[PDB]
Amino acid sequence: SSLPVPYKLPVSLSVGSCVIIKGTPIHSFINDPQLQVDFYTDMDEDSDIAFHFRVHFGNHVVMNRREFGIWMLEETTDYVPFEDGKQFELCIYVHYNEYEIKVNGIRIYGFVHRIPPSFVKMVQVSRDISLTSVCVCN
């Protein structure tokens, strides 16, 4: 891994920002690896989460948010166009009303803001990936 995992990256996000995550799953899909990305409101792991994104490779993606310490209503999609054993590029684009999630250039979901994305102060990338690079662009 080029970067340690869990990878906790302090960030400042605004409308127009893009978080770009490149990495590779560390297990084959028959071993049910996962990838997780959390848009935290503070460096503290127990702080509120504006956008939680957990991929079960080869299966589905679960998304949620944590508000006042409470997990809210989970959202899911079965559209997970990651390839077994290959490097992926995950782009999370901050729009005025949602996070647009793209996997290998393919839009898979739009997760609507319930708090402003400018409240996000740390992005944590975790679980079963080797992390090649993480960029925040505008």
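Sequential numbering from 1, following the sequence displayed.
Inset, instruction - On mean C-alpha B-factor from the PDB entry, just flag whether 77-85 or 44-52 is the higher one. - result: The recorded data point to 77-85.
Inset, instruction - Report the stretch with the higher mean CA temperature factor, choosing between 101-109 and 60-68 on the basis of the entry. - result: That would be 101-109.
Legend entry - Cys137 by Cα B-factor - lowest, middle or highest third of the modelled chain: Its C-alpha B-factor belongs to the middle third of this chain's values.
Legend entry - Chain-wide C-alpha B factor ranking for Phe39, given as lowest, middle or highest third: For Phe39, the deposited C-alpha B-factor lands in the lowest third.
Inset, instruction - State the tercile, meaning the lowest, middle or highest third, of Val94 with respect to the CA B-factors recorded for its chain. - result: Its C-alpha B-factor, which the entry lists for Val94, ranks in the lowest third among residues of this chain.
Inset, instruction - Taking the values exactly as deposited, rank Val11 by C-alpha B-factor within its chain and report the matching third: lowest, middle or highest. - result: Middle third - that is where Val11 ends up once the chain's C-alpha B-factors are sorted.
Legend entry - Ranked C-alpha temperature factor of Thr24 among modelled chain residues, by third: Highest third.
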